[PDB]
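Summary of the model geometry
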Amino acid sequence: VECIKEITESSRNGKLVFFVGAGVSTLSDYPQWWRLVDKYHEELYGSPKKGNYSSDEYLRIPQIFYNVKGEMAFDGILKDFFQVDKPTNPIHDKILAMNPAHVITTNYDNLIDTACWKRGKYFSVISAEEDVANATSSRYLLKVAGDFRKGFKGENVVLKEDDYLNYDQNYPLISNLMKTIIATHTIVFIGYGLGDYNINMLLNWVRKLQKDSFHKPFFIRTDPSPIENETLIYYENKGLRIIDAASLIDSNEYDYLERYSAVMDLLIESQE
Amino acid sequence: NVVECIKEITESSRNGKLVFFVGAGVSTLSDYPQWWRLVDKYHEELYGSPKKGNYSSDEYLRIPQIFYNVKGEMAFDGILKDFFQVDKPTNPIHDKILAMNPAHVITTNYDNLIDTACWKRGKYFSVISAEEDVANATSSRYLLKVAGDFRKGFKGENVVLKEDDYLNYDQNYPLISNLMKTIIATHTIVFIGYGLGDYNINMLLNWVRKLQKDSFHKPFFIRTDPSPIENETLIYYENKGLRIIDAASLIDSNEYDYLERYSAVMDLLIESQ
Amino acid sequence: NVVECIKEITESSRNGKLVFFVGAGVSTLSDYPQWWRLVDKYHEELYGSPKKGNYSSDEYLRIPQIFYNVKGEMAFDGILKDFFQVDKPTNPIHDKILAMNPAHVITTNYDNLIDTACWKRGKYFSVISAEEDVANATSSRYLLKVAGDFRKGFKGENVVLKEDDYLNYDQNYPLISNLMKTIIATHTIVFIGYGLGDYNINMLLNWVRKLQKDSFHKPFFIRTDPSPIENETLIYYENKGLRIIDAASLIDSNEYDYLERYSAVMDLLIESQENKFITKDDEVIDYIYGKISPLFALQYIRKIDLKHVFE
Amino acid sequence: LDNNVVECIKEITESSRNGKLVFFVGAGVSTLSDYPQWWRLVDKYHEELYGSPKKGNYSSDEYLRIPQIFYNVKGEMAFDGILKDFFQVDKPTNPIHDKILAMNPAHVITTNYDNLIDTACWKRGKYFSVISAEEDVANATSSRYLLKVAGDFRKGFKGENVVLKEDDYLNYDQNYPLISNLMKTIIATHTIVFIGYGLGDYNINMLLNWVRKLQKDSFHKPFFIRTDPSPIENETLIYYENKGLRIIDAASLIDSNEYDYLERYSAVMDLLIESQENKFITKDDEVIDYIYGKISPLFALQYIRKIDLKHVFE
């Protein structure tokens, strides 16, 4: 009951920030990225993936589709799948009820963005580098991968593998500013599994932080399998406190929203 | 133009987006021991006699680092207590800066001369000295001591003074490094208390050329040097991102009339608002 | 093409400028226990039994590190001492590698198989496995075991296996990276037994991007996979600095028969060196010329020395 | 030569006969050949920039940053024009260059950007593969390197080819990624004698900042020849010996003029050459040291011919 208290304890002080991931941009029925990787496969090779493709998703096929297939043609398919519109899930309604001071997100839609002005809270979107200094408020929104706000082109969204190495060089301020928000506030994660690109790239950055010098983050597991005794004790050392929805409600193998809205209802009921 | 620089500094003063990157020359006025003095006592207690003329590069930039390894740590902090355990008054400069309503005050100085001046007025800045202070803060308003404070004690582990600590600083203070360059892009920076050719000035311009073409609020340089700035040096440091404001171009003063040149550039900021 | 790659591997073998980069895909033609059989054993002391699921990589990387943290470092050492005290033979690939006459052999392997094949011929190789052996070396031919080796203990500290060992490789082993990278820029590097996605290959291709345009020679990648390569993947990796000789694009074999593909390239290199393809009778008036056109700068050559000219 | 000098030359000469000695030549060896110095171009780039020559008492921050200012303000063709006026000379070879090459080194690394060690090697007739740029490591003609780590002027008297500005020393590990790595292979695998430096030079400090990162005993400590006018201070000798330098002091072997640098270079460099003829066996338990060093390998054999032992004792 300690971890359910401190999240609400930071809510009254207004020192709470959320980290928002792609396990939530499927409950609003926005396209998962491997639908593109499926298309990236069959427009480069010529025939679909009858077998299980391995080391192509975030690895080899979007990168090769940018330069072998064509540069403007990489964004010709991006506008074909991301000039869409999808309805806001209750998770974007349930998170905002906890009054986040900022929201960091690796997602690149306008679906955490269509939930904010449709409530009445003012966040300024810092998604690119000309957005960092040029800001309108101290209550700013941080999209670390980008968004299509400047246009429907490839160089505004981090998708290839020629962008997940020189992200700490081509986007230098956002990468600095994201670390700053972790350093003052308290960070809550959502929609990730243990072992993405960005849960390990941050806890490699956390090893470069000294002892008793940061707030240990909040990572809620919404995978319908239970938590092991082993994998739990491992990620206690890398810095993570785990609140498990799977140890809270018994749900189906595909009842995702029954697990995501479970812990969100566990917070808002514990607000007062 | 000198007017155009003030209209932006006053605009960030009115909008609350003004931060003064505090130098050491604003604390050399208050009779606080300048660091060339400690280099002498580290030189004289180690080589027996002091060196005449000018110091060598391994004897000016490395002679405390030679002193710390050869002599030790109890005798290294034995000298730091002898010069820095004093009581001093604040400048008239320490009255014009806090009255410009700063958001954050970023210092390089290891003394409570810009710090106790805040406690005299109603401005409440939180001293960020150690690495714990970013998460243990109780404010959104920060006194970012990027070099350290003697608040824990008179030990030399708390201030970056040696030669390996201008190199192990990115490994022993990683968030304060991240928190400083946050404020440089968001807030507007004014450099008061340095000279072009200082160490910590040229590290920031290295971080400047890493950034994009128009990604930052290109800061201002308040030159309190006795000489006038040369036109060649003016174009060079400005193209690296430092709008130079010189006291010697505005007023004419003597070769040791420092505090007038320190105050007159701040007289064009208090009277302008 | 295959044919120009055949030449540049041969006439770099005749100059003391050929270095192989030997992987785990030819230690198991000599049938040495693979690493996925270890991580199945580590999965059974921590968990019950491996419900496989085709091994998503987030378990495939962490499971040696988890049993390291929980059980103790003593148990991590004896399991290696269980699975790797096996005393296996040498395949014909090792004999064909050394008959291609290497200056050095770099290897990601923690076995002792290539050193024993190097001891059995008339050439000595200075084994470097640890960090200390760089200065206390012997004779400028190096068997460079960049992943560590069990030549001084079956403890887990000597070899890099975990995930605290991949990201601390530049800290713990600074001199074994510098000597690995010096051989690559100098010599002609051929890879043996990798699969184009590897922590030992993609960490090399990121260092090669940091170099200039023509400041290096492009390494050769002998690829032995059962399904042949596609042209676009051959475009992407030739653009990154790998000249890939594919073994499936020269012979045809079953999807489980490896030694035929590994030898169809190595016989193609050695029998190019040991000259077996000479026809049309104007190919003999430039094999003999290339051995005698140096000797036009001498007025007379002893007839006992012309046997050493023609090898 | 009481204890440290006779133990240092017992290691340098025991690496010279193994082909495992590498000399690291600085600018204070080519300054003896009166080749123009780099103070003479900062003051030149001060007077074409600030109008008048500087007074002196010169700050280091106005030293390193001024030839960049002559580049950023006066352009590029002005920068490499004065290099064609103060470096485009012919100078002769001094006899420390011959005393280096008499030691038969495996490599020679240099921070010099003149071809004076490069004209002292075709004069004596020594074939070094000269690596001055990055495109010369994969095109090495021999196994024996003349590695000019700060560049050279063989492709022309342009500043693209030599490290001189202050934007060059911050892009050294990204514009020269293979010269820097080949140098540290030589420091790891050979015995390094430094000659021509001053214990606070930028190269020697940026090379002892690398050897701290290495393990506690992986490297051998490089040697250092100090030819400074004043005797070395034992606080300075304690500091660099706990950092990766054995310091042979030339001002504690002879005693010559405060402005005659040639005597102190020639002191140690003639002491090393003459010390290959052993002259170390003067104690009766040092005679038995030498003889055990030649014979006790042959205990693996069971009998030796008496005419084979003329080959054992050289």
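The rules behind each value
Residues numbered from 1 in each chain as written, not as in the entry; some residues may be left out. Chains lettered and ligands numbered in written order. Part of a larger assembly, values for the part shown. Heavy atoms only, no water. Residues with missing side-chain atoms left out of burial classes, pairs and counts. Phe/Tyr/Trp six-rings, centres within 6.5 Å; stacked < 30°, edge-to-face > 60°. Helix = DSSP H or I, 4+ residues; strand = E, 2+ residues; numbered from the N terminus. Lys NZ or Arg CZ within 6 Å of the ring centre and 35° of its normal. Pairing = 2+ DSSP bridges. Axes fitted to C-alpha atoms, helices over the stretch in contact; angles between N-to-C directions. Contact = heavy atoms within 4.5 Å. Nonpolar A, V, L, I, M, F, W, Y, C, P; charged D, E, K, R; others polar. Polar contact = N/O pair within 3.5 Å; in protein donor to acceptor, adjacent residues only side chain to side chain.

For this deposition, the record names cryo-EM as the technique by which the model was determined and cites 2.98 Å as its resolution.

Take the packing of aromatic side chains next. The interplanar angle of 65° and the centroid separation of 5.3 Å between the aromatic rings of B:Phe21 and B:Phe191 together place this pair among those described as edge-to-face. Here B:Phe191 lies in strand β5 (residues 188-192) and B:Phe21 lies in strand β1 (residues 18-22), a separation of 170 residues in the sequence. Arranged with centres 5.7 Å apart and planes meeting at 85°, the rings of D:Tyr71 and D:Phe79 form a pair that is edge-to-face. Each residue in the set A:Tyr30, A:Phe82, A:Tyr108, A:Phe148 and A:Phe152 is aromatic and connected to the rest through ring pairs, giving one cluster. Taking NZ or CZ as reference, B:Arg141 lies 5.6 Å from the ring centre of B:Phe125, over its face. One residue, D:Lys165, lies across the ring of D:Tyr71, its end atom 5.1 Å from the ring centre.

Another point: the sheet that holds strand β6 (residues 223-226) of chain D. Residue and element names in this part refer to chain D. Taken in spatial order, the 7 strands line up as β3-β4-β2-β1-β5-β6-β7 in an open sheet, and their pairing is parallel. If you trace the sheet from one side to the other, it starts and ends with β3 (129-131) and β7 (246-249), each paired once. Along the sheet, successive strands turn relative to each other by an average axial angle of 20°, direction set aside. As defined by bridge partners, strand β1 (residues 21-25) adjoins strand β5 (residues 191-195) across 5 bridges and the pair is classed as parallel. When the bridges of β5 are listed, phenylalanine 23 appears paired with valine 193.

With that settled, the discussion passes to the sheet that holds β1(B). Residue and element names in this part refer to chain B. Reading across the sheet, the 7 strands line up as β3-β4-β2-β1-β5-β6-β7 and stay open at both edges, with parallel pairing between neighbours. Strands at the two margins of the open sheet, each flanked by one partner only, are β3 (126-128) and β7 (243-246). Neighbouring strand axes in the sheet, compared pairwise and without regard to direction, differ in orientation by 20° on average. The pairing of strand β6 (residues 220-223) with β7 spans 4 bridges and is parallel. Bridge pairing in β7 links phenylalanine 220 to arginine 243.

The next thing to look at is the interface of chain C and chain D. At the junction of the two partners, chain C supplies 22 residues and chain D supplies 19 residues. The set of elements that each furnish at least two residues to the side of chain C that touches chain D consists of α7 (169-172) and α8 (174-186) of chain C. When its residues are assigned to classes, the side of chain C that touches chain D shows 10 nonpolar, 8 polar and 4 charged.

Right, let's get into the environment of C:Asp267. Residues and elements named next belong to chain C. Residue placement: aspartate 267 occurs in helix α11 (residues 259-273). As a C-alpha pair, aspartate 267 and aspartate 246 span 21 residues in sequence and 14 Å in three-dimensional space. Excluding its chain neighbours within four sequence positions, the residues that come into contact with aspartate 267 are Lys96 and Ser272. A distance of 2.5 Å separates a polar atom in the side chain of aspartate 267 from a polar atom in the side chain of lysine 96.

Non-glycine residue A:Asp29 carries a positive phi angle of around 65°. Considering the arrangement of structural elements, one finds A:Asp29 in the loop between β1 (16-20) and α2 (34-44). Positioned with a positive phi, C:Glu311 is a non-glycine residue whose angle comes to about 60°. Turning to its location among the elements, C:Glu311 is positioned in the segment after α13 (306-309).

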